[PDB]
Amino acid sequence: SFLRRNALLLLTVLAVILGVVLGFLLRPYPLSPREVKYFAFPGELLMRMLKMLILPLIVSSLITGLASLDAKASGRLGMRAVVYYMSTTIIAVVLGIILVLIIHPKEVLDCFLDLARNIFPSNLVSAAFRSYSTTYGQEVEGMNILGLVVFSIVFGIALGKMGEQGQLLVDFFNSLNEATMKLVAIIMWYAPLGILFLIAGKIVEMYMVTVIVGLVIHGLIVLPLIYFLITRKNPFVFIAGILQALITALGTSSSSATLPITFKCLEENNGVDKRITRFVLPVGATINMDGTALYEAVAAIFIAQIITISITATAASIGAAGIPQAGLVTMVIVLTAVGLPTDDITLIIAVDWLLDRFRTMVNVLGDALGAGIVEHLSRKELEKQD
Amino acid sequence: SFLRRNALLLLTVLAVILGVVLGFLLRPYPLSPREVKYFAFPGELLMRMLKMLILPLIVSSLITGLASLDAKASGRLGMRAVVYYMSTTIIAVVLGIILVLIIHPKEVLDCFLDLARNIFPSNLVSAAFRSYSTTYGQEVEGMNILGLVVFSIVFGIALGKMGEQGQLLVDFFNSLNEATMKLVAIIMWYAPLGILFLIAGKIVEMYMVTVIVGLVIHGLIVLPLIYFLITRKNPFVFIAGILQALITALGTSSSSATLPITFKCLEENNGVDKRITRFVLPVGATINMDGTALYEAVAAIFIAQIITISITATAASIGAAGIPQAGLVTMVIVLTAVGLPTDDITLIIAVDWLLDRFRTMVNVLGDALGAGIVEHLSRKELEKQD
Amino acid sequence: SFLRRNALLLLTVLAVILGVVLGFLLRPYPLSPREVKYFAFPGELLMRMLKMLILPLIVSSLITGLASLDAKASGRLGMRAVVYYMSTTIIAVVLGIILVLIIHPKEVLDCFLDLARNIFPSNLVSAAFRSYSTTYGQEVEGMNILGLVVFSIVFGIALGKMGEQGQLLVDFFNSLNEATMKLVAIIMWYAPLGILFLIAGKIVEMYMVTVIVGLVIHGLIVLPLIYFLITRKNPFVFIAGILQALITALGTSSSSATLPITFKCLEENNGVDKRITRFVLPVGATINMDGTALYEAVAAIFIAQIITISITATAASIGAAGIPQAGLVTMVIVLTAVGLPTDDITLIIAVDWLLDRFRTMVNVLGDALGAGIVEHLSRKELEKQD
Ligand SMILES: COc1ccc([C@@H]2C(C#N)=C(N)OC3=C2C(=O)C[C@@H](c2cccc4ccccc24)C3)cc1
Ligand SMILES: COc1ccc([C@@H]2C(C#N)=C(N)OC3=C2C(=O)C[C@@H](c2cccc4ccccc24)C3)cc1
Ligand SMILES: COc1ccc([C@@H]2C(C#N)=C(N)OC3=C2C(=O)C[C@@H](c2cccc4ccccc24)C3)cc1
Ligand SMILES: [Ba+2]
Ligand SMILES: [Ba+2]
Ligand SMILES: [Ba+2]
Ligand SMILES: [Ba+2]
Ligand SMILES: [Ba+2]
Ligand SMILES: [Ba+2]
Ligand SMILES: [Rb+]
Ligand SMILES: [Rb+]
Ligand SMILES: [Rb+]
């Protein structure tokens with residue numbers, strides 16, 4: 001009965017172990033890294049299929065998400081969601097400093113300007129695939145999620161204040177979100193074939209231990225106890241539904257790439273209201289620092305062998321939303337403010353390929369558990385609409 | 001009562017004087033021009049917020065603008081609008097020659113080919129952010145307004161001939177125009193904070209006098225007397241409404257960047273019919289040469305110290321719609337036809353930063369006063385639809 | 001009466017002869033090839049006008065084409081269409097080997113990977129104008145038709161399974177297809193002026209004979225006899241309607257560029273059902289190899305003076321959908337698998353300018369005659385919907 005009910009998640013569990021085993025079976029690499037790319041190809045296709053659906057999901061989710069909700073109420077439960085994104089990050093930043101205290105193993109100012117320049121895009125067509133970042137054309141390949149999310153929020157809320165006239169395109173983007181979420185059903189089945197070929201190509205190439213210690217204790221103790229404190233419901237039962245999304249989080253290593261799956265794992269598996277998931281999930285894929293700030297704060301102290309380092313590490317990953325090799329460049333810029341050499345970066349690249357997979361896993365769990373706290377803390381607002 | 005009724009325009013007047021004063025207070029610049037960019041940043045954000053809204057306003061304005069109007073009648077009042085864009089330019093070109101007579105202070109052929117190549121875009125997605133211009137990829141960053149306006153006009157009129165089937169997406173773009181015009185309400189409030197920081201960063205760096213003499217006499221005598229001749233109504237009362245747009249025209253220095261504000265200053269402040277503003281304003285932001293041809297014709301004679309120079313100067317700025325540093329490159333190409341050195345251009349760049357602000361001010365007033373003449377000369381066509 | 005009924009096709013026939021005559025009248029070229037570009041300009045404008053309409057036609061045709069049809073039935077008549085695209089190619093590849101037997105006159109593996117990478121686009125906005133192809137950014141200018149067609153098919157069929165919710169945007173893209181097909185009426189009239197100036201600029205610059213022999217025998221014997229075998233109707237009567245599209249196929253030399261005209265020549269001239277033309281024509285503009293594989297297979301044997309060469313030549317042109325100079329680069333990659341020098345390519349470029357015009361003519365006829373066979377072999381499926 002277990003193999004019949006939960007069939008696809010047992011396949012992804014089989015894909016993780018088979019991906020490690022087959023990868024370790026073909027570990028002595030006599031072939032050039034060019035041939036490794038040809039081997040990791042079936043997993044590379046899944047990423048293209050997922051990246052395809054990021055843009056028409058993020059745009060359509062928020063536009064309907066802020067329109068379905070009253071402009072006055074949505075602005076209030078939105079501030080309630082900010083409470084989660086700020087508190088969990090504060091505890092994580094604090095946890096990172098204690099973690100290195102017991103077990104010790106482009107300009108800086110320009111990144112705060114590029115983040116503000118990315119928030120308000122110059123062209124929405126250019127925002128859909130090019131992100132702004134000052135270089136010495138500043139626009140470079142990689143979706144400007146921070147700009148599209150900002151426009152979608154103010155555009156979506158403008159439709160809530162429109163009513164009669166606005167009703168047309170709101171029904172359009174809801175049908176569009178339903179269309180893009182009907183394409184995700186097929187992408188979920190290609191995931192086992194993808195993941196096993198994707199992680200196998202990435203394996204064939206004490207700080208590492210420090211990171212996982214803090215990441216697991218935050219995702220299994222800190223975050224679930226925050227959920228149990230307000231909702232008064234078991235967190236593992238909520239975790240059981242989002243299992244098909246948390247396993248893919250390791251393979252994808254991007255919260256944006258897993259967003260189409262994470263959406264179905266909350267709306268279908270756990271049974272969470274669409275009106276709040278469409279409001280929490282897109283913002284959470286960029287604003288949430290729970291896992292990525294906890295990874296970057298530990299990275300700064302390890303190579304050095306306090307308030308200024310934390311703020312710079314936060315504004316780094318928010319500025320580099322879904323751009324390829326985001327963690328690689330952001331760690332360089334954060335070292336200019338502290339005054340540390342860039343020679344140590346040549347070693348963390350050969351260890352980030354497995355550590356970034358767990359970084360996303362905490363980030364995806366945070367947005368999912370965040371929506372669970374939001375739903376319970378906004379039940380009266382949701383009943384007002386019905 | 002005056003401070004209560006007209007509050008935001010008194011703030012922009014305060015922003016202009018405070019922008020000059022604070023700029024002159026911090027005039028001795030010990031900092032590198034890189035730091036000037038960081039200072040002019042709050043005004044740089046307003047430009048990104050305005051450029052954001054250009055594209056979804058221009059596309060949606062014309063599509064509904066030509067569909068709401070009868071395909072037979074719209075084609076006729078359109079020719080009536082061409083009468084304005086041709087006559088005012090002829091008088092301006094003539095005024096420029098008299099102005100230099102009393103007070104004397106890529107190829108040419110390729111620009112006429114690039115203009116024709118820009119009119120019909122090869123790809124509408126590429127047209128939304130890349131303009132065609134031959135270089136020795138010809139497509140370069142900067143919206144192809146000339147191509148999007150052309151498509152929107154023939155696409156919008158195709159919906160007027162569609163009727164029943166076409167009614168769906170016409171109601172979509174009208175709701176979309178209403179959405180983009182509901183976002184402009186917040187951008188209008190960021191303008192005082194923007195303008196004061198934007199003009200201050202631009203101040204810290206007899207021909208100049210000749211230009212303003214011709215520009216003021218055209219905008220305060222020539223254009224208002226043309227309005228008073230047909231409408232038989234006071235032009236200053238019409239100018240009083242568009243005050244919030246004319247002040248921003250100095251700061252933005254682009255007729256396209258001020259189009260979202262100019263739209264509200266005509267539809268809300270002066271109380272002009274949407275059906276004709278959506279028809280006159282987008283075309284006027286590119287086709288109108290009243291101020292920019294009057295600036296370029298005087299530029300040619302001053303550095304030289306007749307029919308061929310005027311036509312080449314007209315087709316230059318129409319070809320370079322909203323592309324950055326349009327006046328800088330177009331003045332180089334116009335000198336090849338007359339046979340004059342490019343050494344004189346190194347001096348006008350340090351004076352254009354204040355002169356281009358008044359160039360746009362005449363251009364924005366021309367499109368606004370043009371719509372006023374169009375409304376009065378097409379009252380019977382508008383009554384036919386009701 | 002003949003000049004009155006069929007007026008525009010007699011003009012395009014006049015354009016072909018006048019284009020050759022005027023071109024041969026101005027054959028001794030004393031002007032640099034830069035001036036030839038300025039001469040071929042009125043035909044260059046038609047191509048921009050046609051390329052403009054490719055993207056909003058391909059996207060809107062398939063989305064409504066798979067939604068109007070039942071998800072179960074469409075998947076079946078789709079397999080019936082694959083029968084045509086596979087059988088006609090098999091006969092063509094076989095015909096090419098017999099044609100060279102009687103009358104004898106980036107990596108290879110990467111192209112099979114790039115084709116799979118193009119099928120699933122990473123970003124739909126980027127897919128609308130940039131195609132993926134590995135180079136040693138892989139994304140380069142030229143519409144990713146293979147990616148947009150794939151998305152449109154799975155997105156369109158997702159709307160058929162949506163019903164009530166999906167009904168909104170399906171009526172949108174059908175009105176949009178009707179809009180883009182109402183713009184094509186004016187482009188059809190610019191074609192005679194275009195073609196005569198476009199072919200004249202291309203003329204002023206035994207293998208050639210071998211190609212036309214096989215191309216004419218396939219398009220006038222093989223393909224029409226396949227039509228007459230199933231439909232039991234005269235093929236020349238069906239060819240008579242699509243005459244306005246077949247003449248333009250010579251001028252455009254691209255099946256995608258002629259798609260907007262080919263659509264009207266089937267829906268209006270021959271009177272074919274929209275539901276199947278919108279399903280056959282976009283796929284046929286890329287997947288069909290009837291003419292282009294017959295051109296490339298003969299190209300390999302001529303320069304050499306069997307199963308491995310045919311498969312590589314097929315996957316080459318499908319990978320290079322509508323990208324400029326597709327036949328030039330694909331012939332280089334196919335020679336690496338066989339092991340032949342690239343010195344022979346410097347001669348075929350000066351002969352492809354007339355041979356590629358007939359290559360498309362066979363490809364356009366194949367898609368048109370394919371739709372004719374599909375309609376007759378799916379009459380019962382079409383009656384089920386009514
Ligand atoms: C800096 O990064 C952000 C931007 C937004 C948010 C919140 C959020 C989430 N999650 C969503 N979906 O909507 C709103 C939020 C508000 O705080 C306020 C709320 C809102 C209401 C009314 C007018 C607004 C005008 C501008 C911005 C937000 C507005 C909408 C959080 C972080
Ligand atoms: C060269 O730059 C331009 C293009 C257009 C215009 C006029 C205009 C303004 N303002 C608008 N909104 O629509 C039309 C205009 C016509 O003259 C004619 C009118 C029109 C009616 C019917 C069919 C047409 C077909 C092609 C072009 C315009 C057409 C529309 C002016 C300058
Ligand atoms: C490789 O290049 C292609 C892709 C598609 C096609 C066929 C086609 C044509 N012509 C169209 N318009 O739709 C479908 C086709 C199917 O074979 C199958 C059919 C279909 C039905 C149901 C689910 C599908 C899921 C994925 C792909 C096709 C699907 C749609 C042919 C070649
Ligand atoms: Ba957080
Ligand atoms: Ba509402
Ligand atoms: Ba004018
Ligand atoms: Ba109408
Ligand atoms: Ba075929
Ligand atoms: Ba249906
Ligand atoms: Rb990541
Ligand atoms: Rb300007
Ligand atoms: Rb071709």
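If you go along the chain as it appears here, the first residue is 1 and each next one adds 1.
Heads up, the Cβ atoms here are built off N, Cα and C, so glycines get one too.
The annotation L-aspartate binding site is assigned in Swiss-Prot to B:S253, B:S254, B:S255, B:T292, B:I323, B:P324, B:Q325, B:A326, B:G327, B:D356, B:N363 on the grounds of experimental evidence. Listed in sequence order, B:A249, B:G284, B:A285, B:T286, B:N288, B:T360, B:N363, B:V364, B:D367 are the same-chain residues at least 6 apart in sequence whose CB falls under 8 Å from the CB of B:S255 (L-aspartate binding site).
Cβ neighbour count for B:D367 (Na(+) 1 binding site): 28 (other Cβ atoms within 10 Å of its Cβ, all protein chains included). Taken from Swiss-Prot, the feature Na(+) 1 binding site covers B:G284, B:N288, B:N363, B:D367.
The feature Na(+) 2 binding site is assigned by Swiss-Prot to B:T286, with experimental evidence given as support. DSSP assigns B:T286 (Na(+) 2 binding site) to coil in the three-state reduction, outside any helix or strand. Its Cβ taken as reference, B:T286 (Na(+) 2 binding site) is surrounded by 23 other Cβ atoms within 10 Å in the chains shown.
The list of residues near the topological domain 'Cytoplasmic' (B:231-235) in space but at least 6 beyond its ends in sequence, with Cβ under 8 angstroms from a Cβ of it, reads 223-224, 369, 372-373, 376. The topological domain 'Cytoplasmic' feature in Swiss-Prot is assigned to B:231-235 (among others).
Annotated topological domain 'Cytoplasmic' per Swiss-Prot: B:267-275 (among others), in sequence order, evidence recorded as a curator's inference.
The topological domain 'Extracellular' feature in Swiss-Prot is assigned to B:340-352. Below 8 angstroms of C-beta separation, residues 205, 207-208, 299-300, 303-304, 327-328, 331-332 of the same chain, each at least six residues beyond the ends of the topological domain 'Extracellular' (B:340-352), sit close to that stretch.
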Taking the centroid of the Cβ atoms of B:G284, B:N288, B:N363, B:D367 (Na(+) 1 site), which other same-chain residues have Cβ within 8 Å of it?
B:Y85, B:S255, B:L281, B:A285, B:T286, B:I287, B:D290, B:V364, B:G366, B:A368, B:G370
Chain residues outside the topological domain 'Cytoplasmic' (B:267-275) and at least six past its termini with a C-beta under 8 angstroms from it:
65, 68-69, 181, 238, 241-244, 371-372, 375, 382, 385
Give me the non-local Cβ neighbours of B:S253 (L-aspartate binding site): same chain, 6+ apart in sequence, Cβ-Cβ under 8 Å, ordered along the sequence.
B:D356, B:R357, B:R359, B:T360
Between B:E205 and B:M206 there are 12 residues with no coordinates; how far apart are their CA atoms in Å?
20
Just to be sure I understand the break: B:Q305 and B:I306 bracket 10 unmodelled residues, and I want the straight-line distance between their C-alpha atoms in Å.
15
Neighbour count, 10 Å Cβ-Cβ cut-off, for B:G327 (L-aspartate binding site): what number do you get?
20
Tell me which residues of the chain lie with their Cβ under 8 angstroms from that of B:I323 (L-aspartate binding site), as long as they are six or more apart in sequence?
B:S131, B:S133, B:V140, B:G142, B:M143
Recorded L-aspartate binding residues, B:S253, B:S254, B:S255, B:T292, B:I323, B:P324, B:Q325, B:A326, B:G327, B:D356, B:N363 - maximal Cα separation rounded to whole Å:
17
How many other Cβ atoms are found within 10 Å of the Cβ atom of B:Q325 (L-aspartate binding site), counting all protein chains shown?
11
